[PDB]
Amino acid sequence: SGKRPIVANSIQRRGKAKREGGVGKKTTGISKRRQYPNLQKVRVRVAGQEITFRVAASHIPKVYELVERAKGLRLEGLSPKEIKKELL
Amino acid sequence: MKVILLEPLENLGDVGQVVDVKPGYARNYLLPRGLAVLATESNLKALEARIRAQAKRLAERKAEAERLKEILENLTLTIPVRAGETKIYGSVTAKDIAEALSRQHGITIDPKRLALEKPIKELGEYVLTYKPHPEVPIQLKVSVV
RNA sequence: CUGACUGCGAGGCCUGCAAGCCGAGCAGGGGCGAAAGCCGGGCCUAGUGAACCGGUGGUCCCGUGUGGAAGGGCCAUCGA
RNA sequence: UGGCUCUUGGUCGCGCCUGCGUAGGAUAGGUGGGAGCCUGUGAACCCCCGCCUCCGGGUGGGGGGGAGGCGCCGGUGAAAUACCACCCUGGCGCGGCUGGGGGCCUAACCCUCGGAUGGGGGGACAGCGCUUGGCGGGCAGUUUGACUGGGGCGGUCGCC
RNA sequence: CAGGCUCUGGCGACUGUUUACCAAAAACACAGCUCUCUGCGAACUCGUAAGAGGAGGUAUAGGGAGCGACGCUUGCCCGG
RNA sequence: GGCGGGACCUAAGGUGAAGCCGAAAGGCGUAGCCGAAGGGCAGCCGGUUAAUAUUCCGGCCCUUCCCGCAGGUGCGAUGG
RNA sequence: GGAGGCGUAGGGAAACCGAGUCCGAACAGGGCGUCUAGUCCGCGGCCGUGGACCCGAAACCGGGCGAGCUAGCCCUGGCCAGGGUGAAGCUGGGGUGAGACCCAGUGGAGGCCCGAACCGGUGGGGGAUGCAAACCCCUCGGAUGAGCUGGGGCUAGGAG
RNA sequence: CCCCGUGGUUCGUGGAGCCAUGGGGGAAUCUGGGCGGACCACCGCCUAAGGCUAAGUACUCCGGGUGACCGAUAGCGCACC
RNA sequence: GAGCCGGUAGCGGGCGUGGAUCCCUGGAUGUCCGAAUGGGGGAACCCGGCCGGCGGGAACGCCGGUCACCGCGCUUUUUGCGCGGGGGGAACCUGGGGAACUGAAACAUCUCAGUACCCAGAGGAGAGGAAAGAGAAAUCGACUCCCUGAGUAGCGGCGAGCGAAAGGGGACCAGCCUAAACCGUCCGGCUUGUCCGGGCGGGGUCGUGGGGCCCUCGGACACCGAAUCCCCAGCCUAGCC
RNA sequence: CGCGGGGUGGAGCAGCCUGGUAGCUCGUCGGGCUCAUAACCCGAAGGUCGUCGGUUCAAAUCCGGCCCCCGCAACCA
RNA sequence: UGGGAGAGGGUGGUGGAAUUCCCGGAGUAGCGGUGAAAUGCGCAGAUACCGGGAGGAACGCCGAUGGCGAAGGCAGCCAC
Ligand SMILES: [Mg+2]
Ligand SMILES: [Mg+2]
Ligand SMILES: [Mg+2]
Ligand SMILES: [Mg+2]
Ligand SMILES: [Mg+2]
Ligand SMILES: [Mg+2]
Ligand SMILES: [Mg+2]
Ligand SMILES: [Mg+2]
Ligand SMILES: [Mg+2]
Ligand SMILES: [Mg+2]
Ligand SMILES: [Mg+2]
Ligand SMILES: [Mg+2]
Ligand SMILES: [Mg+2]
Ligand SMILES: [Mg+2]
Ligand SMILES: [Mg+2]
Ligand SMILES: [Mg+2]
Ligand SMILES: [Mg+2]
Ligand SMILES: [Mg+2]
Ligand SMILES: [Mg+2]
Ligand SMILES: [Mg+2]
Ligand SMILES: [Mg+2]
Ligand SMILES: [Mg+2]
Ligand SMILES: [Mg+2]
Ligand SMILES: [Mg+2]
Ligand SMILES: [Mg+2]
Ligand SMILES: [Mg+2]
Ligand SMILES: [Mg+2]
Ligand SMILES: [Mg+2]
Ligand SMILES: [Mg+2]
Ligand SMILES: [Mg+2]
Ligand SMILES: [Mg+2]
Ligand SMILES: [Mg+2]
Ligand SMILES: [Mg+2]
Ligand SMILES: [Mg+2]
Ligand SMILES: [Mg+2]
Ligand SMILES: [Mg+2]
Ligand SMILES: [Mg+2]
Ligand SMILES: [Mg+2]
Ligand SMILES: [Mg+2]
Ligand SMILES: [Mg+2]
Ligand SMILES: [Mg+2]
Ligand SMILES: [Mg+2]
Ligand SMILES: [Mg+2]
Ligand SMILES: [Mg+2]
Ligand SMILES: [Mg+2]
Ligand SMILES: [Mg+2]
Ligand SMILES: [Mg+2]
Ligand SMILES: [Mg+2]
Ligand SMILES: [Mg+2]
Ligand SMILES: [Mg+2]
Ligand SMILES: [Mg+2]
Ligand SMILES: [Mg+2]
Ligand SMILES: [Mg+2]
Ligand SMILES: [Mg+2]
Ligand SMILES: [Mg+2]
Ligand SMILES: [Mg+2]
Ligand SMILES: [Mg+2]
Ligand SMILES: [Mg+2]
Ligand SMILES: [Mg+2]
Ligand SMILES: [Mg+2]
Ligand SMILES: [Mg+2]
Ligand SMILES: [Mg+2]
Ligand SMILES: [Mg+2]
Ligand SMILES: [Mg+2]
Ligand SMILES: [Mg+2]
Ligand SMILES: [Mg+2]
Ligand SMILES: [Mg+2]
Ligand SMILES: [Mg+2]
Ligand SMILES: [Mg+2]
Ligand SMILES: [Mg+2]
Ligand SMILES: [Mg+2]
Ligand SMILES: [Mg+2]
Ligand SMILES: [Mg+2]
Ligand SMILES: [Mg+2]
Ligand SMILES: [Mg+2]
Ligand SMILES: [Mg+2]
Ligand SMILES: [Mg+2]
Ligand SMILES: [Mg+2]
Ligand SMILES: [Mg+2]
Ligand SMILES: [Mg+2]
Ligand SMILES: [Mg+2]
Ligand SMILES: [Mg+2]
Ligand SMILES: [Mg+2]
Ligand SMILES: [Mg+2]
Ligand SMILES: [Mg+2]
Ligand SMILES: [Mg+2]
Ligand SMILES: [Mg+2]
Ligand SMILES: [Mg+2]
Ligand SMILES: [Mg+2]
Ligand SMILES: [Mg+2]
Ligand SMILES: [Mg+2]
Ligand SMILES: [Mg+2]
Ligand SMILES: [Mg+2]
Ligand SMILES: [Mg+2]
Ligand SMILES: [Mg+2]
Ligand SMILES: [Mg+2]
Ligand SMILES: [Mg+2]
Ligand SMILES: [Mg+2]
Ligand SMILES: [Mg+2]
Ligand SMILES: [Mg+2]
Ligand SMILES: [Mg+2]
Ligand SMILES: [Mg+2]
Ligand SMILES: [Mg+2]
Ligand SMILES: [Mg+2]
Ligand SMILES: [Mg+2]
Ligand SMILES: [Mg+2]
Ligand SMILES: [Mg+2]
Ligand SMILES: [Mg+2]
Ligand SMILES: [Mg+2]
Ligand SMILES: [Mg+2]
Ligand SMILES: [Mg+2]
Ligand SMILES: [Mg+2]
Ligand SMILES: [Mg+2]
Ligand SMILES: [Mg+2]
Ligand SMILES: [Mg+2]
Ligand SMILES: [Mg+2]
Ligand SMILES: [Mg+2]
Ligand SMILES: [Mg+2]
Ligand SMILES: [Mg+2]
Ligand SMILES: [Mg+2]
Ligand SMILES: [Mg+2]
Ligand SMILES: [Mg+2]
Ligand SMILES: [Mg+2]
Ligand SMILES: [Mg+2]
Ligand SMILES: [Mg+2]
Ligand SMILES: [Mg+2]
Ligand SMILES: [Mg+2]
Ligand SMILES: [Mg+2]
Ligand SMILES: [Mg+2]
Ligand SMILES: [Mg+2]
Ligand SMILES: [Mg+2]
Ligand SMILES: [Mg+2]
Ligand SMILES: [Mg+2]
Ligand SMILES: [Mg+2]
Ligand SMILES: [Mg+2]
Ligand SMILES: [Mg+2]
Ligand SMILES: [Mg+2]
Ligand SMILES: [Mg+2]
Ligand SMILES: [Mg+2]
Ligand SMILES: [Mg+2]
Ligand SMILES: [Mg+2]
Ligand SMILES: [Mg+2]
Ligand SMILES: [Mg+2]
Ligand SMILES: [Mg+2]
Ligand SMILES: [Mg+2]
Ligand SMILES: [Mg+2]
Ligand SMILES: [Mg+2]
Ligand SMILES: [Mg+2]
Ligand SMILES: [Mg+2]
Ligand SMILES: [Mg+2]
Ligand SMILES: [Mg+2]
Ligand SMILES: [Mg+2]
Ligand SMILES: [Mg+2]
Ligand SMILES: [Mg+2]
Ligand SMILES: [Mg+2]
Ligand SMILES: [Mg+2]
Ligand SMILES: [Mg+2]
Ligand SMILES: [Mg+2]
Ligand SMILES: [Mg+2]
Ligand SMILES: [Mg+2]
Ligand SMILES: [Mg+2]
Ligand SMILES: [Mg+2]
Ligand SMILES: [Mg+2]
Ligand SMILES: [Mg+2]
Ligand SMILES: [Mg+2]
Ligand SMILES: [Mg+2]
Ligand SMILES: [Mg+2]
Ligand SMILES: [Mg+2]
Ligand SMILES: [Mg+2]
Ligand SMILES: [Mg+2]
Ligand SMILES: [Mg+2]
Ligand SMILES: [Mg+2]
Ligand SMILES: [Mg+2]
Ligand SMILES: [Mg+2]
Ligand SMILES: [Mg+2]
Ligand SMILES: [Mg+2]
Ligand SMILES: [Mg+2]
Ligand SMILES: [Mg+2]
Ligand SMILES: [Mg+2]
Ligand SMILES: [Mg+2]
Ligand SMILES: [Mg+2]
Ligand SMILES: [Mg+2]
Ligand SMILES: [Mg+2]
Ligand SMILES: [Mg+2]
Ligand SMILES: [Mg+2]
Ligand SMILES: [Mg+2]
Ligand SMILES: [Mg+2]
Ligand SMILES: [Mg+2]
Ligand SMILES: [Mg+2]
Ligand SMILES: [Mg+2]
Ligand SMILES: [Mg+2]
Ligand SMILES: [Mg+2]
Ligand SMILES: [Mg+2]
Ligand SMILES: [Mg+2]
Ligand SMILES: [Mg+2]
Ligand SMILES: [Mg+2]
Ligand SMILES: [Mg+2]
Ligand SMILES: [Mg+2]
Ligand SMILES: [Mg+2]
Ligand SMILES: [Mg+2]
Ligand SMILES: [Mg+2]
Ligand SMILES: [Mg+2]
Ligand SMILES: [Mg+2]
Ligand SMILES: [Mg+2]
Ligand SMILES: [Mg+2]
Ligand SMILES: [Mg+2]
Ligand SMILES: [Mg+2]
Ligand SMILES: [Mg+2]
Ligand SMILES: [Mg+2]
Ligand SMILES: [Mg+2]
Ligand SMILES: [Mg+2]
Ligand SMILES: [Mg+2]
Ligand SMILES: [Mg+2]
Ligand SMILES: [Mg+2]
Ligand SMILES: [Mg+2]
Ligand SMILES: [Mg+2]
Ligand SMILES: [Mg+2]
Ligand SMILES: [Mg+2]
Ligand SMILES: [Mg+2]
Ligand SMILES: [Mg+2]
Ligand SMILES: [Mg+2]
Ligand SMILES: [Mg+2]
């Protein structure tokens, strides 16, 4: 998966092993590989309760940055999932 | 990452400063435990308010103690009290001063800011000292008659 | 003394293709001999390998809008 | 993917410094500037210490001290010793820069606990993401020539 | 309805299991022997993963390998 | 209504709120739910039809529920 | 409807030059090229790329359907006439310092024995376009066990 | 944007640009910034990291029209429950 | 505009010029299943909650309405209310994933091929679309589709193969909205500030660069005009001379 | 082909780094000694230090090229 | 009845010394071993020495021409 502000569906591509010289000649041995996106978990306070983000490595700050925009928001009262949605 | 610490932090610095620390150190400690805040373009602005406000706030408080500096320095405070031969009948504290000062003219001052602990119990004139601003004192002439 | 020369090549052997093989004579320039003349390796018939890929030197060429460079072509030569 | 702390290698300029075969007075690292110069910007000599070490000298701090203290040269040798200019071997100090090594921590992260905005254990490790090399019939695709008195084994394959 | 018996050798200890449909054996399985991995979020197995088995087990336990009741016994060679 | 099944129960297993994972389809899974020849559960003898019968009929016997009633008691649950 | 296409110029890798041009210093030689020739449509013969005369594999790959057969396991039931043998333990008595142990009686163990059901399928005969795509008769092995069996359920294609 | 791993393109590592992006470093706002096939200069082109958009095009379950299309072993598998 | 009660006669009994049958249009009714949706399930079966009704009807049964889940908005929370989704569709379309045979007279790059197939999604179409384009012309001027360019340029165990664009000729032709600068508003945060950011409205939309705020212009009457809304022409859904 | 390590007596090694020292083990010959080999003890011959060359006062030493061995990753139309 | 001696026996516990091993500290070219020497051990850091730890076995001096028991046989230390 990768479903966060990131949106990085892990796409597969070719991973080919090459034997050669480089400045003499070159050949190969091709295969198919799935390139996953570096994705870590991010827990954060955010008003009441807590909240987790199965986000990528790239867009880590984007989260805490969003938590900033969240101070300019009015939320409360048992909002586990609903925080995320109402969180942009 | 650039952050704004609102707390006297040893290694970092004093309150209000802006220092860039290691990402994690701020993401998993400072910011979370409420010591500093991610110094975004947003907070950098609200910080200028903290500066400009507090600045012209005391800069206009010292600019007002600049008016009392001009008038309380070129004026004598005559106090009509009774006295035997040397020492005073009643007794003048810091109240009998800020009081007859607010009356004889209308100047508003506190017997608290007025630098005097001694309950004047002698007749004659002296040179008091008032403290409206920490760095701009005013010598208030006395005249206990 | 360095013809184990460069630019060439009428004609012809051989032969399915490709490859192989002989060579008069021309021009430049050079060796030997007085000269005629001979010399484009070894008395001759085995001592070897299409092409692709790339290497090294060189060069009238090409060079992505333009000068230039990268890269490439061309002559030389290398790795079965 | 974080806090602290000890430690250590690289490295750039700059500060200070070690480098003694004999001869020549000697313990002249290189080439040269230069016979003038160091000293009250207090010296020769003494007394204490860090350090290099060829075993003898050198060099920095501090104190006693009070007017001297070096040198070319002739000499001898490969060259010369006032002070000075730069640099080489190796070293010490400074900060920048960057990496290695060890220990403690807690908050990421993981485990765990009569549910916990918490307590305990692990802990910048592990897990995972990208990249690196390696091992790797566990699995995959595929090769394994031809002539040949059948094939296989054997012999042969071009050229004279 | 209702064992023919005895002696002697080979293999496998034994009851068991197998090639449905040409092989029931001397094959496999076995108890017991030995080696080896595994300190637990175990090793190993299936799964991309979540997870599950292992096991609500903990080295007198679990995974793998070989040998195959029991008796006597198991020699020398790490050069590859 | 009485035998068998359901308006009862749970087993492996399935399903699956919560929750977790997966490029999609989907995969895992607590609670509950589903799932039985298992647990719980009130009919015995005889007669009669061309063909059905503890089912219709006879005899004897029984269960659940609702309503009302007399009497007794802190009654009451998916919870112990 | 002239966009476009073939043709009216060739030589050279190209720059370029041009009835010529390339190698080369060449006014040598030689390779290629000028001396003019075509296009468009129809039809036919042959070739290319298509399944490409017609019929035929063994295979391979994708997605999906099956454990009502067969194998293992999970869940809950059921079944196994009769006869034989006679372990432990137990009781009594003997024995010893106590005991070991011995004897008798009791007792009812066992991948025990024999033998139906039940399961299976050793040896022979038949059967062989069969009663039957595995049967029949005789015979034989197991038969309280690692037993047989009903119903409920799980596992599958490089997978079980 | 740069680098590492790759896809698209006629582009199979190749002088490999351009467009896209899995990992890492990580910026500016017109004195900005991409591009015209490495890279530099010069000259010209174009404004990325938000979204929308008729028509011309695809197809034929369905209705119609037509056939140098078949005429029951043909023609859809089936003219016929 | 004369017959009719399908195929379909017969048995039996009726209907129609007070204009049926039949053809079209709209409406009514539409058991149970199936996305199935109150809950269960082995489709067409099984049981149930709440309001209302029927029957002596309290038990029991029947009838009518109603009760799945997920998304966005409304609800300051829970509980409710509204809008929408789910599933099917021959072929077609975009996206996500993606073979092998076969060919190279072997085979592993390459080929088949982004083909087959899987999955999701859309609609009468889809996709794409106004330039961070093209490419050498101080040239073109969204996108799509046809011809051509061209089997060219080029790609390639330079093998087998693979194979584009600019431009030109045609079809059709359409260009707009926004984010940010800047101004106003409602809410809570709080470190309470001339602010932070949320929503809302005004503003603004660009390549000779454009926009914003200020200054001058007179700055508006005007002009452009729907890809929306209303009407109508015509047109398909039975027929008639 | 690119990288780095060395060649030292009949043989190997320390000297090399940061030149002033040919030394070490065994063999071998003679001497001591023993029953005897050996241990062990004394002395001795043999090295242009692989080569050519350069700087220096002196070069095995530091350096350039040349010959060879050994090691290293890589490469093969 | 009362006293004594003893390594008599069995059980539980326990003390120091030393060996080897491992950790840490310091330190460098040799250690070890025989008649001699080698194999072996050590520049990856041994031997020697210092500190901490683990484990097993046997009990110095007292101890003797000693004591004890049927014989075999019996020894640090405490209790039963
Ligand atoms: Mg990151
Ligand atoms: Mg990052
Ligand atoms: Mg809400
Ligand atoms: Mg910004
Ligand atoms: Mg006065
Ligand atoms: Mg007075
Ligand atoms: Mg001459
Ligand atoms: Mg020849
Ligand atoms: Mg001549
Ligand atoms: Mg000749
Ligand atoms: Mg010859
Ligand atoms: Mg010859
Ligand atoms: Mg030239
Ligand atoms: Mg030149
Ligand atoms: Mg040019
Ligand atoms: Mg070239
Ligand atoms: Mg060569
Ligand atoms: Mg780290
Ligand atoms: Mg790290
Ligand atoms: Mg970091
Ligand atoms: Mg790091
Ligand atoms: Mg450090
Ligand atoms: Mg240090
Ligand atoms: Mg440093
Ligand atoms: Mg002398
Ligand atoms: Mg002397
Ligand atoms: Mg001076
Ligand atoms: Mg002193
Ligand atoms: Mg003193
Ligand atoms: Mg001094
Ligand atoms: Mg002094
Ligand atoms: Mg003195
Ligand atoms: Mg002189
Ligand atoms: Mg230095
Ligand atoms: Mg630093
Ligand atoms: Mg730093
Ligand atoms: Mg540590
Ligand atoms: Mg710790
Ligand atoms: Mg602690
Ligand atoms: Mg801790
Ligand atoms: Mg913790
Ligand atoms: Mg703690
Ligand atoms: Mg984190
Ligand atoms: Mg847990
Ligand atoms: Mg916790
Ligand atoms: Mg560590
Ligand atoms: Mg890590
Ligand atoms: Mg790898
Ligand atoms: Mg292996
Ligand atoms: Mg294989
Ligand atoms: Mg292999
Ligand atoms: Mg194949
Ligand atoms: Mg081969
Ligand atoms: Mg053959
Ligand atoms: Mg022949
Ligand atoms: Mg033969
Ligand atoms: Mg025998
Ligand atoms: Mg047997
Ligand atoms: Mg057997
Ligand atoms: Mg046996
Ligand atoms: Mg045996
Ligand atoms: Mg079996
Ligand atoms: Mg069986
Ligand atoms: Mg069987
Ligand atoms: Mg069989
Ligand atoms: Mg048989
Ligand atoms: Mg048998
Ligand atoms: Mg078997
Ligand atoms: Mg066996
Ligand atoms: Mg055995
Ligand atoms: Mg695995
Ligand atoms: Mg588990
Ligand atoms: Mg378990
Ligand atoms: Mg369990
Ligand atoms: Mg075991
Ligand atoms: Mg065996
Ligand atoms: Mg055996
Ligand atoms: Mg043995
Ligand atoms: Mg053996
Ligand atoms: Mg032997
Ligand atoms: Mg070995
Ligand atoms: Mg070994
Ligand atoms: Mg009911
Ligand atoms: Mg269950
Ligand atoms: Mg499920
Ligand atoms: Mg499930
Ligand atoms: Mg379950
Ligand atoms: Mg079910
Ligand atoms: Mg079920
Ligand atoms: Mg039952
Ligand atoms: Mg009864
Ligand atoms: Mg009747
Ligand atoms: Mg009755
Ligand atoms: Mg009553
Ligand atoms: Mg009570
Ligand atoms: Mg009660
Ligand atoms: Mg009670
Ligand atoms: Mg009560
Ligand atoms: Mg009660
Ligand atoms: Mg041409
Ligand atoms: Mg050409
Ligand atoms: Mg030529
Ligand atoms: Mg000619
Ligand atoms: Mg002509
Ligand atoms: Mg002509
Ligand atoms: Mg012609
Ligand atoms: Mg012609
Ligand atoms: Mg003609
Ligand atoms: Mg024709
Ligand atoms: Mg033809
Ligand atoms: Mg032909
Ligand atoms: Mg053909
Ligand atoms: Mg055929
Ligand atoms: Mg075929
Ligand atoms: Mg295949
Ligand atoms: Mg079964
Ligand atoms: Mg039975
Ligand atoms: Mg029975
Ligand atoms: Mg029996
Ligand atoms: Mg008996
Ligand atoms: Mg008995
Ligand atoms: Mg007894
Ligand atoms: Mg007894
Ligand atoms: Mg007895
Ligand atoms: Mg007894
Ligand atoms: Mg006995
Ligand atoms: Mg007994
Ligand atoms: Mg008995
Ligand atoms: Mg007995
Ligand atoms: Mg009996
Ligand atoms: Mg039995
Ligand atoms: Mg038997
Ligand atoms: Mg059976
Ligand atoms: Mg049978
Ligand atoms: Mg047999
Ligand atoms: Mg037979
Ligand atoms: Mg058997
Ligand atoms: Mg039997
Ligand atoms: Mg069963
Ligand atoms: Mg299945
Ligand atoms: Mg770029
Ligand atoms: Mg560029
Ligand atoms: Mg990226
Ligand atoms: Mg970083
Ligand atoms: Mg600006
Ligand atoms: Mg461009
Ligand atoms: Mg560019
Ligand atoms: Mg360019
Ligand atoms: Mg410029
Ligand atoms: Mg835009
Ligand atoms: Mg059309
Ligand atoms: Mg029609
Ligand atoms: Mg039609
Ligand atoms: Mg016809
Ligand atoms: Mg006809
Ligand atoms: Mg037909
Ligand atoms: Mg009819
Ligand atoms: Mg009518
Ligand atoms: Mg109708
Ligand atoms: Mg209708
Ligand atoms: Mg349904
Ligand atoms: Mg509904
Ligand atoms: Mg009701
Ligand atoms: Mg009811
Ligand atoms: Mg209802
Ligand atoms: Mg809502
Ligand atoms: Mg409310
Ligand atoms: Mg709301
Ligand atoms: Mg709500
Ligand atoms: Mg709200
Ligand atoms: Mg509403
Ligand atoms: Mg809807
Ligand atoms: Mg759909
Ligand atoms: Mg749909
Ligand atoms: Mg399609
Ligand atoms: Mg597709
Ligand atoms: Mg092929
Ligand atoms: Mg083959
Ligand atoms: Mg293939
Ligand atoms: Mg392939
Ligand atoms: Mg392709
Ligand atoms: Mg794709
Ligand atoms: Mg696709
Ligand atoms: Mg759809
Ligand atoms: Mg569209
Ligand atoms: Mg679009
Ligand atoms: Mg271009
Ligand atoms: Mg068209
Ligand atoms: Mg075309
Ligand atoms: Mg080739
Ligand atoms: Mg292709
Ligand atoms: Mg391709
Ligand atoms: Mg392609
Ligand atoms: Mg075009
Ligand atoms: Mg915004
Ligand atoms: Mg804004
Ligand atoms: Mg505002
Ligand atoms: Mg706005
Ligand atoms: Mg607007
Ligand atoms: Mg507007
Ligand atoms: Mg402007
Ligand atoms: Mg106008
Ligand atoms: Mg107008
Ligand atoms: Mg108007
Ligand atoms: Mg009209
Ligand atoms: Mg009409
Ligand atoms: Mg119409
Ligand atoms: Mg009409
Ligand atoms: Mg290197
Ligand atoms: Mg090396
Ligand atoms: Mg040696
Ligand atoms: Mg010797
Ligand atoms: Mg040498
Ligand atoms: Mg030499
Ligand atoms: Mg190699
Ligand atoms: Mg006594
Ligand atoms: Mg005693
Ligand atoms: Mg003891
Ligand atoms: Mg030694
Ligand atoms: Mg050794
Ligand atoms: Mg050594
Ligand atoms: Mg004795």
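Heads up, the Cβs are rebuilt from the backbone with ideal geometry, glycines too, and the neighbour counts pull from every protein chain shown. Just so it is clear, none of the values below were taken in a lab; they were calculated from the coordinates.
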| task | Filter segment A:41-55 down to the residues that are farther than 15 Å from B:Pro32 by Cβ and in a strand (DSSP E or B), then identify the one that is farthest from ligand 43 (Cβ to nearest atom). | result | A:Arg54
| query | When you look at A:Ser58, is it within 16 Å of ligand 43 (Cβ to nearest atom) and outside any strand (DSSP E or B), yes or no? | reply | yes
| task | Answer yes or no as to whether A:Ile51 is surrounded by 12 or more Cβ atoms within 10 Å (Cβ to Cβ), more than 14 Å from RNA strand F (Cβ to nearest atom) and β-branched (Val, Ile, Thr). | result | no
| note | Among the residues of segment A:51-79, the number that are more than 11 Å from every other protein chain (Cβ to nearest Cβ) and either touching a helix residue (DSSP H, G or I) at 6+ places or on another chain (Cβ under 7 Å) or within 9 Å of RNA strand D (Cβ to nearest atom) (or both) is 7
| request: Taking the residues in segment B:15-37 that are within 28 Å of the chain's Cα centre (by Cα) and more than 16 Å from RNA strand D (Cβ to nearest atom) as candidates, determine which candidate is surrounded by the fewest Cβ atoms within 10 Å (Cβ to Cβ). | output: B:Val15
| request: Could you list, in sequence order, all residues of segment A:23-40 that are in a strand (DSSP E or B), within 16 Å of ligand 1 (Cβ to nearest atom) and away from chain B (no Cβ under 14 Å)? | output: A:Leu39
| task | Output the residue which, of all residues in segment A:7-22 that are more than 30 Å from A:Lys62 (Cα to Cα) and among the basic types (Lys, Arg), is nearest to ligand 1 (Cβ to nearest atom). | result | A:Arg14
| remark: Exactly one of B:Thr86, B:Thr76, B:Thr40, B:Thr108 is surrounded by 15 or more Cβ atoms within 10 Å (Cβ to Cβ) and more than 16 Å from ligand 1 (Cβ to nearest atom), and that residue is B:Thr40
